[PDB]
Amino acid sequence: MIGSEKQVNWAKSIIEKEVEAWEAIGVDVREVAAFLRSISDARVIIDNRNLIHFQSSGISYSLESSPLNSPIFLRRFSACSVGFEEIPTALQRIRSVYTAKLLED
């Protein structure tokens, strides 16, 4: 991961918080977690730390409104990540599975 030492430290911390947030949902998010840990530019992570933030307090809307649904948004990670082409498809799946989970009740 490129950047100053303090930039990298901060960026690695942001990513682990977001991975935690997605993994707290309770459905398979391995592909999203993999994509998040693939981002290799600390400055790009820091700059987008708030735009990508996944809020614990309202999962369904966090899923549905996430900028990870947007190909245009994901273009900013295109030179410094792996798997961004498949991420909107991934979110469709995760939304589909998590929605079903809740509505079986």
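Don't overthink the numbering: it's just position in the shown sequence, from 1.
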| query | finding |
| --- | --- |
| Chain-wide C-alpha B factor ranking for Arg93, given as lowest, middle or highest third | middle |
| Third of chain Cα B-factors occupied by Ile15 | middle |
| For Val32, the third of its chain into which the C-alpha B factor falls | middle |
| Where the record places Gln55 (Cα B-factor, split into thirds across the chain) | highest |
| Record-listed C-alpha B factor of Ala100: chain third | lowest |
